[PDB]
Amino acid sequence: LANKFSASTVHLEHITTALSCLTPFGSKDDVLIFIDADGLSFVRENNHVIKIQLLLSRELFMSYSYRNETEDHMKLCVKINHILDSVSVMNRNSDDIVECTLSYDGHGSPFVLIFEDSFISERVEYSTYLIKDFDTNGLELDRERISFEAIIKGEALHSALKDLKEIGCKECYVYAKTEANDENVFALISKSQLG
Amino acid sequence: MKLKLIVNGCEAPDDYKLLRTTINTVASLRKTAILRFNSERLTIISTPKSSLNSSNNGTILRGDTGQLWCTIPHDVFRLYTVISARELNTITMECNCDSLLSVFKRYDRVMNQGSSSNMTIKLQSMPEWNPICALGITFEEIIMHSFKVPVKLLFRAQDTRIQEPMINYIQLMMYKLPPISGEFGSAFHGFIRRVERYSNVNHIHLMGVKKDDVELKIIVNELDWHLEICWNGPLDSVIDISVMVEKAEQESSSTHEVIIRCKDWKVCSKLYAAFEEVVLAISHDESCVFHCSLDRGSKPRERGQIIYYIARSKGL
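Respectively, the protein sequence lines represent chains F and H. Read left to right, the first sequence gives residues 7 to 201 (the deposited numbering). Read left to right, the second sequence gives residues 1 to 129, 151 to 163, 201 to 269, 277 to 304, 390 to 448, 457 to 474 (the deposited numbering).
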């Protein structure tokens with residue numbers, strides 16, 4: 007395509023999964039989209055205290071073209087509510103959608119999303135906004151001063167988070183300790199109405 | 001003023017379906033409908049310029065400008081006795097749509113039950129009450203069910219003021235819609251009704267662009290995000391204080407666009423679902439015409463026609 011960025015895929019699960027993951031950061035706020043040859047990233051921040059970055063690499067798309075030359079990456083800002091409503095209305099017939107294409111033509115142009123079916127194509131253009139002065143890179147891990155590291159199975163952590171949510175947890179404490187004989191202790195301690 | 005008509009649904013079901021669709025459309029469009037019984041065909045009109053309809057002031061209050069015209073050849077009725085001393089033995093009347101719709105619904109129920117009787121329609125002078154007469158309708162039910207409907211006859215002067223809208227054919231782009239019974243019929247039916255998924259959308263922008278050699282798009286700009294719905298399947302093109395409306399200059403010689411109301415589009419979708427041969431005509435920034443044609447042959459017979467004219471809801 008003639009656009010500066012154009013990526014098309016046949017797996018609609020990735021997009022809806024990304025929106026689902028971004029939802030907990032607020033149904034009505036801004037989302038930053040970073041585009042580069044490596045891939046496309048969604049970034050959200052809350053209260054200057056928490057940040058989420060979800061990456062979609064080239065491999066996830068059956069076609070991926072990034073023709074920009076002046077800049078190695080492109081930054082834009084959109085409203086999450088617009089995308090959420092548009093996708094919810096367009097994704098009602100999820101069984102029939104066969105292709106999804108994202109496109110962008112640089113600063114001053116909208117972010118274009120096209121759902122292509124067998125005979126019907128729906129094209130939506132999202133207006134873009136100036137990016138806030140706050141830098142997403144500000145909140146980052148100091149790779150040279152790690153206090154501790156741990157690897158956990160997704161299912162167990164998700165179950166623990168569910169349990170904490172169901173008891174109305176108000177404060178959380180991550181406790182990590184190591185001893186000899188390969189003894190390890192990782193725990194989550196919750197302060198809630200239960201105590 | 002003898003208007004003896006016999007209607008049978010077991011013979012030529014296409015004509016009965018056409019009549020049912022016509023009455024349903026006129027009932028859903030306006031409260032009252034005009035019936036013109038000529039020596040050759042019956043014309044059913046739903047227009048805001050009628051004496052009864054104009055009593056609602058629809059045009060000024062809600063912009064009810066669309067006009068529905070339906071033609072039924074005399075061959076539809078088993079018996080067609082229409083004798084008059086007017087031009088071409090024409091008799092004009094105005095009737096209420098709800099009563100006719102209820103009577104036809106009862107007839108449909110009786111037919112579905114298993115009866116194969118015929119409906120006799122005549123004009124009668126009711127002594128109970151532009152004199153007002155009654156439409157005596159009767160039919161057997163395997201019991202002689204008879205119902206009467208008020209009707210108001212019209213004069214020649216009143217009749218002549220109701221004239222079918224015409225369009226500038228030379229400045230008019232027509233598209234032959236895919237047949238509903240075809241493999242693409244379901245796809246086009248879904249494409250037409252797609253915009254209904256957005257409740258808050260009131261106006262839709264229809265666009266037609268050359269280069277199956279043309280394409281049709283529905284644009285919605287009432288939402289927080291611009292929306293375009295495109296049809297990529299096959300689609301063939303057929304080859390006082392009053393002032394004229396202002397027309398925006400066409401972007402190109404091969405693009406025709408018009409903005410219309412969503413209700414008119416729903417009516418067009420229903421009409422498209424009803425019939426097989428449908429043509430959509432656009433007069434750029436002027437109007438949209440939905441023409442449903444039913445073809446029957448024996457010496458080809460008369461073609462059943464339903465033409466719905468929709469004026470633009472907004473300027474371009």
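Heads up, the beta-carbon is just placed ideally off N, CA and C, and yes, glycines get one too.
| Check | Outcome |
| --- | --- |
| For H/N53, the three-state DSSP class (helix, strand or coil) | helix |
| Other residues of its chain near F/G112: CB distance less than 6 angstroms, five sequence neighbours each side excluded | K10 |
| Through-space distance from H/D75 to H/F213, alpha-carbon basis | 26 angstroms |
| Touch test, the segment 110–128 of chain F against the segment 51–60 of chain F, Cβ-Cβ under 8 angstroms, three pairs minimum | no |
| Touch test, the segment 59–74 of chain H against the segment 28–47 of chain H, Cβ-Cβ under 8 angstroms, three pairs minimum | yes |
| Continuous beta strand (DSSP E) stretch holding F/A193: start and end | 190–197 |
| Start-to-end residues for the alpha helix (DSSP H) that takes in F/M96 | 86–96 |
| Min CB distance H/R251 to chain F below 7 angstroms | no |
| At least 3 beta-carbon pairs within less than 8 angstroms: the segment 230–245 of chain H vs the segment 418–425 of chain H | yes |
| Inter-residue Cα distance where the pair is F/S124 and F/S14 | 15 angstroms |
| Within-7 angstroms CB hit, H/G462 to chain F | no |
| Within 7 angstroms, strictly: CB atoms of H/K472 and H/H291 | no |
| Proximal chain F residues relative to H/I294, where beta-carbon distance stays under 7 angstroms | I126, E128 |
| F/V191 at chain H interface by Cβ criterion, 7 angstroms | no |
| Buried or exposed (CB count within 10 angstroms, at least 16 for buried), H/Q67 | buried |
| Test item: CB-CB of F/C106 and F/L18 under 7 angstroms | yes |
| Chain H residues whose Cβ lies nearer than 7 angstroms to that of F/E131 | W290, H291 |
| Ordered list of alpha helix (DSSP H) runs contained in the segment 103–178 of chain F, each at least 4 residues | 160–172 |
| Buried versus exposed, by CB contacts within 10 Å (16 or more), H/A27 | buried |
| Residue 497 of chain H - containing alpha helix (DSSP H), residue span | Residue coverage of chain H in this structure runs from 1 to 474, which leaves residue 497 of chain H outside it and unanswerable. |
| Any non-hydrogen atom of the ligand HEM within 6 angstroms of F/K168 CB | Of ligands this structure carries none, so the ligand HEM is not represented either. |
| Helix, strand or coil at H/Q124 according to DSSP, with G and I counted as helix | strand |
| Chain H residues whose Cβ lies nearer than 7 angstroms to that of F/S92 | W290 |
| Residue-chain proximity (H/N260, chain F), Cβ-Cβ < 7 angstroms | no |
| H/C295: first and last residue of the uninterrupted beta strand (DSSP E) it sits in | 291–296 |
| The beta strand (DSSP E) enclosing F/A13, as first and last residue numbers | 11–15 |
| Burial state of H/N151, where buried means 16 or more other Cβ atoms lie within 10 Å | exposed |
| Contact with chain F by H/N297, beta-carbon distance below 7 angstroms | yes |
| Run of the beta strand (DSSP E) containing H/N112, from where it starts to where it stops | Unbroken run through H/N112 is the alpha helix (DSSP H), 97–113; no beta strand (DSSP E). |
| Distance between H/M1 and H/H434 (C-alpha atoms, nearest Å) | 44 angstroms |
| Check whether H/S116 and H/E162 have beta carbons under 7 angstroms apart | no |
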